[PDB]
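Here you get one chain, nothing else, as structure tokens; it is the form solved without this ligand.
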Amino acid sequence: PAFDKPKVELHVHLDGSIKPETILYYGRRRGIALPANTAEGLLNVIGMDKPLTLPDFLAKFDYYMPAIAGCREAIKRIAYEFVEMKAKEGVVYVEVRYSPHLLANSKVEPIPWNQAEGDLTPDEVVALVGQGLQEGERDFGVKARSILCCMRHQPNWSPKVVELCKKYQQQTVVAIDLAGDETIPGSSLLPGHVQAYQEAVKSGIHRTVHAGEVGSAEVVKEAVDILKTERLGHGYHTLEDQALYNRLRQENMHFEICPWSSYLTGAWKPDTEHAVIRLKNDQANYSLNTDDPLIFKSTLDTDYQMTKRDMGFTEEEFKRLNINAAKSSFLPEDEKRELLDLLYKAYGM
């Protein structure tokens, strides 16, 4: 264990943190053609061993999402099982993100994963995921919060998403995200997406955006200045624009680093200095995350030991980034202080 103290996770998707044996049970009980009948072999088609491309990583979801989406018991259980997982790895606070439309099967265009029309609405999916997170926290003692994803290819969804972020603000929902295929040109300025971050600014909904993961620094630059996000998912290619980088450094922008994810998705070619090193060297505001452990065959200790032996991270630095993650969390002022006192008490400060 590279860092055996309480950690914080801000960027990990519920979509990509399902147990391969939970998928298997629901794929069977719904009679769904899964690319495998065996847990360890399911993880061989879905798991990634080498670097690929962004469209190919997103393609892996087409394998197993039909078994989960549209079924109630499967939706809530993976939430409960997700927080369980995070507990076993030393996480005291976790913000888990997911697209309620991609788990629904009714009142959604398009019905994802080629499902048939049913009765599970996006507004219902958030009430079921939140229930699993609420029951998990009570069983495992780790504070767990949803973030609702926009899809870059469906700007028609994002009007409903913020709006959902607002109905469930007093539940588990703390912010809105913009995920999906960043390789689609100009998907950041689609009108559907922009009302969403605009209505989020008015009504005080927190904002994070996948930006700079496989695109240019212009991707990050509209996310910052147009959508006015407060955190960057995979802020890697911000470092190609030093003027912008040092501006966000001066404005204490938080970067949601995912080291092992960044290697397997091709985001970081292994010949390059990883972005997180100088963001450590510049003492920037960043955190370490798993992104999608099922698809990357990872745990959060995978991402911590990637830093430790390969990028020269220390226990000292591990303490600082997790405290920065705690004060760039989307928790309210009272709970985010209570979380800082947890980490203060465990870190010797």
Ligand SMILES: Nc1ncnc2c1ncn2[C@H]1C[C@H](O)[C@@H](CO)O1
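Residue numbers here begin at 1 and follow the sequence given.
The same protein also has a form deposited with this ligand bound, omitted here; what follows describes it.
> Of the residues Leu102, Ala74, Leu164, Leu248, which one places a heavy atom within 4.5 Å of this ligand in the bound PDB entry?
Replying inline: By the 4.5 Å criterion, the partner-contacting residue is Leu102.
> Looking at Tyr286, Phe61, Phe313, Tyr26, which has any heavy atom no more than 4.5 Å from this ligand in the bound PDB entry?
Replying inline: Selected option: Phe61.
>> When the contact criterion is heavy atoms within 4.5 Å, does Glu213 count as touching this ligand in the bound PDB entry?
In response: Within the cut-off, so yes.
> Taking heavy atoms and a 4.5 Å cut-off, does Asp291 contact this ligand in the bound PDB entry?
Replying inline: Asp291 belongs to the contact set for this ligand.
> Is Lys86 a contact residue for this ligand in the bound PDB entry, using a 4.5 Å heavy atom cut-off?
Replying inline: No.
> Is there a non-hydrogen atom of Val219 within 4.5 angstroms of a non-hydrogen atom of this ligand in the bound PDB entry?
Replying inline: Although this ligand is absent here, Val219 would stay clear of it in the bound PDB entry, with no heavy atoms inside 4.5 Å.
> Quick one: which of 50-58, 34-42, 302-310, 317-325 gets within 4.5 Å of this ligand in the bound PDB entry, going by heavy atoms?
Replying inline: Careful reading of the contacts points to 50-58.
> What residues of 178-208, in sequence order, lie within 4.5 Å of this ligand in the bound PDB entry by heavy atom?
Replying inline: Counting only heavy atoms within 4.5 Å of this ligand in the bound PDB entry, the contacting residues of 178-208 are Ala179, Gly180.
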